[PDB]
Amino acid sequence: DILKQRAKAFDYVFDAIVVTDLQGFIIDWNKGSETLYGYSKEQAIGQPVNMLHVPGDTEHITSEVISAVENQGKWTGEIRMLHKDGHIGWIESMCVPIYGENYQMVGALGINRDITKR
């Protein structure tokens, strides 16, 4: 009910939501993400989230994200994005850890918005 309605906003928001597991594999994808990145839900699911990075940025972005999430509980930054068709853009990104039991991180939630024009 209450939970159901909060979850429904998923495919209606403009923000691009990317849900990943501990292994960094995309497990959920919303319509906002389909618009921002180009990949359909069926295409993104199962793929490494780093697929969304400009290859050259992956190493430093990943260590920076892992550090913030584990120490501050949240990572935020302005990074480049690699679209499905190949063009590059800039996005405002946030990563929040998802917990299982006894505060055990079981995956992460990514929220993204395009800022290329700006």
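Position 1 is the first residue in the sequence shown; the rest follow in order.
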| remark: For 94-102 versus 15-23, entry-based mean Cα B-factors point to 94-102
| Which is higher on average in the deposited entry, the C-alpha temperature factors of 34-42 or of 50-58? | 34-42
| query | Is the Cα B-factor recorded for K8 in the lowest, middle or highest third of its chain? | reply | lowest
| request: Grab the CA temperature factor for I111 from the record and place it in the lowest, middle or highest third of its chain. | output: lowest
